[PDB]
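Heads up, the chain below is alone and in the form deposited in one PDB entry; it's given as structure tokens.
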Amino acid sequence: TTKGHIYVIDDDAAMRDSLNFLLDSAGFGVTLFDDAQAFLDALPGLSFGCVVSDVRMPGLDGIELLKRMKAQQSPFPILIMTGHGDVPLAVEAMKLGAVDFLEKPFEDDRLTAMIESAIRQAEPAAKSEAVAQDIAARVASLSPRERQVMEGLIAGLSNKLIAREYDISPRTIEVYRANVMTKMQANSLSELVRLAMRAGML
């Protein structure tokens, strides 16, 4: 039992030691990486936690780390540690999705407060991930016309307008609707909308 797990990425041994110590005092669990690839190799097997990474890790600077993390659709929040000269690189990382940055040297409590906020904001999506991936799988199981019919239903088109808009035979609209509802496991249009919510289709 811990206040959250932290994945530290820093090629500087003294930073790793200093983070290791201060995060433990605050009650977090910690796993450390000195090598860019090592983190990415482990990443499919890691449980939810907050990443705290040097902005200029050799082989995974802040930009590259963020590009890979979202390629993996990771829900982990990322904080970037940086010297003042690399603040602009940290800026790019936040535009790509990093939660916040810290200019070194920073105080122990500024990091741990930032981590607490990051974990609190990211945890809900981490918790809802297996179901959102199930929903995405359902959406991917639709045929192309079924996907169009789902879109037309949510957009509020009549069956006649769905047929006309997508060039589907009128006699197949209810066939596709039924397939949509079964594959999505939706019991109504509102339910279909909320599934499209959780799959971010709006």
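The numbering used is simple: start at 1 and walk along the sequence shown.
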### Task
Taking the mean of the C-alpha B-factors per stretch from the entry, tell me the winner out of 24 to 32 and 169 to 177.
24 to 32
### Task
Could you check which stretch, 44 to 52 or 158 to 166, carries the larger mean CA temperature factor in the entry?
44 to 52
### Task
Using the B-factors in the PDB entry, rank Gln133's C-alpha atom against the chain and give the third, lowest, middle or highest.
highest
### Query
Once the chain's modelled residues are ordered by C-alpha B factor and cut into thirds, is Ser141 in the lowest, middle or highest one?
middle
### Query
Of the three thirds of its chain by CA temperature factor, lowest, middle or highest, which one includes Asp10?
middle
#### Entry: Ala90 CA temperature factor, ranked by third within the chain
middle
### Task
Would you mind ranking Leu111 by its C-alpha B-factor against the rest of the chain and naming the third, lowest, middle or highest?
lowest
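The next section is about a form of this same protein that is not shown, the form deposited in another entry.
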### Message
Can you tell me which of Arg164, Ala26, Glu129, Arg177 is located at the hinge, considering how the rigid parts move between the shown form and the other one?
### Response
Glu129
